[PDB]
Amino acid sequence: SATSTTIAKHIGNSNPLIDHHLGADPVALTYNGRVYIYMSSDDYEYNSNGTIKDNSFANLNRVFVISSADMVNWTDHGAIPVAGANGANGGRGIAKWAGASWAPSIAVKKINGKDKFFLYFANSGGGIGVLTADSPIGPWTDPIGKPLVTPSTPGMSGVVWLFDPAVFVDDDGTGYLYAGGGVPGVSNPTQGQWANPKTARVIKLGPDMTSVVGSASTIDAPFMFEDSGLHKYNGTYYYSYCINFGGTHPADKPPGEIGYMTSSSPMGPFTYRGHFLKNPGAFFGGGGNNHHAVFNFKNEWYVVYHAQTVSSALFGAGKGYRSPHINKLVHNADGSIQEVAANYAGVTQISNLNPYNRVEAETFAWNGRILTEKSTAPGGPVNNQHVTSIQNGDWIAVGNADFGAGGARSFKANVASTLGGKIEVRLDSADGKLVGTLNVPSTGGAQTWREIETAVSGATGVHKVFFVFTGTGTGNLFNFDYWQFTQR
């Protein structure tokens, strides 16, 4: 009954994090037991004849957000319509001054006893903006109505590409913004311009995280290119960035790789240490921009980065379209960082999923091959999505659902369907033990939602769980908002 194949994130593998769409320039928020990943909205551009053309970043006007409690099952929180200029996101789009929202950065700060969230983004190469929210997934407000940082921000002149923000809230509650990149000398930098672009910047933020304090300092990242990052390990601040591709490079600053520098203060002085992530081309073939954030989630150090692993699998060429990956990052006893072993296997699931809570359908580890959108389902979480583009033989799967010793009694699915179909609930594999079959009736339409219940038996212990979609003809069989098992 399950016939569709995984594009790039194969069952058992944790990279790329998702493959049912793209997501470039990832950054991580760790918050109340979940990692959020916020991403540039990579999205295929097409020639007029419907063939794919190389990514020119034309579609980078949203921020894609996924989250996980376990590194394997990703809840799709959909898209934040950040860019509102030109104009389009069809209306919708939150920062009216910004035509683009590249390379997000995310921070949370408790203000007046309430957690407040701050999403930073680059309006292409021209400035940094910020949105605010009372939850990591929104809804979002543009407090300011203009960029937060421009070339006129003190200290920011001399930056070639005023982009790739990284916002770090220090242990004392002070925010810092790292930004910049590009290489001076336009079409022909001299060797020395390659070697010391002097286009990286850090600026301190005001307490409210929507203003700057003082002037930006230059970080002299050798062979700076883009992709500022900041993490703090054992009291030391690590400024990381992508090394440029031009000029001759010494062996210790290899082109297109992630370099890093350390300092005992967030604003420097920084000393190059420092490379830990080869170009994604070195691992997955070969190659492109390289774009990364280091974070600690549930007591482990990771780097999120991107690679052209979904587009290459679909097209035979990555064409600049990028997908998020995570691997472990290891700090040595001396504080240096080991080369990250970027791969497909990725990170092993760190905790089980509880299938007795409401679980969004768009919370899955693997799929073949569906889409997620914006749902009309009543209620649900902020920016509630559903699984759609469900055809016969499609499926989604969660990793390590723990049904417990007693096991499940029933399975509920919130579904909307014009003609109906089935959800087969299978353990371990797409062709695995059938524990139940939910008959999706005609509900009256794709926006008319019914919670359907069906019996489950044989579902005990920890398993991958596959929801295999079947139906006749069509089209879209149904959309698929959330599910919940009952005990026992």
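We call the rigid core whatever largest set of C-alpha positions still superposes within 1.5 Å between the two forms. When you see a residue number, it is the position in the sequence shown, counting from 1.
Asker: Please pick 104 to 112 or 81 to 89, whichever has its Cα atoms farther from the shown form in 4 other deposited structures of this protein after a rigid core fit.
Answerer: The stretch that sits farther from the shown form in 4 other deposited structures of this protein is 81 to 89.
Asker: Once the rigid core is lined up, would you tell me whether 20 to 28 or 472 to 480 has the higher RMS CA deviation in 4 other deposited structures of this protein?
Answerer: Relative to the shown form, the greater RMS C-alpha distance in 4 other deposited structures of this protein belongs to 472 to 480.
Asker: Taking the mean of the C-alpha B-factors per stretch from the entry, tell me the winner out of 126 to 134 and 281 to 289.
Answerer: Of 281 to 289 and 126 to 134, the stretch with the higher C-alpha B-factor average is 281 to 289.
Asker: On mean C-alpha B-factor from the PDB entry, just flag whether 157 to 165 or 67 to 75 is the higher one.
Answerer: Per the PDB record, 157 to 165.
Asker: By the entry's C-alpha temperature factors, tell me which of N234, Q349, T418, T218 sits highest.
Answerer: Among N234, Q349, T418, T218, the highest C-alpha B-factor in the entry belongs to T418.
Asker: Looking at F403, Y321, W194, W140, which has the highest CA B-factor as recorded?
Answerer: Going by the entry's C-alpha B-factors, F403 comes out highest.
Asker: Within this chain's modelled residues, let me know which third the CA B factor of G33 belongs to: lowest, middle or highest.
Answerer: As the PDB entry reports it, the C-alpha B-factor of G33 lands in the middle third of its chain.
Asker: Going by what the PDB entry lists, where does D115 fall on CA B-factor within its chain: lowest, middle or highest third?
Answerer: Highest third, going by the recorded CA B-factors of the chain.
Asker: Among all modelled residues of this chain, ranked by Cα B factor, put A58 in the bottom, middle or top third, i.e. lowest, middle or highest.
Answerer: Middle third.
Asker: So where's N354 on the chain's Cα temperature factor ranking, which third?
Answerer: For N354, whose C-alpha B-factor we compare with every modelled residue in the chain, the answer is the middle third.
Asker: Pull the Cα B-factor of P104 out of the PDB entry and bin it into the chain's lowest, middle or highest third.
Answerer: Its C-alpha B-factor, which the entry lists for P104, ranks in the lowest third among residues of this chain.
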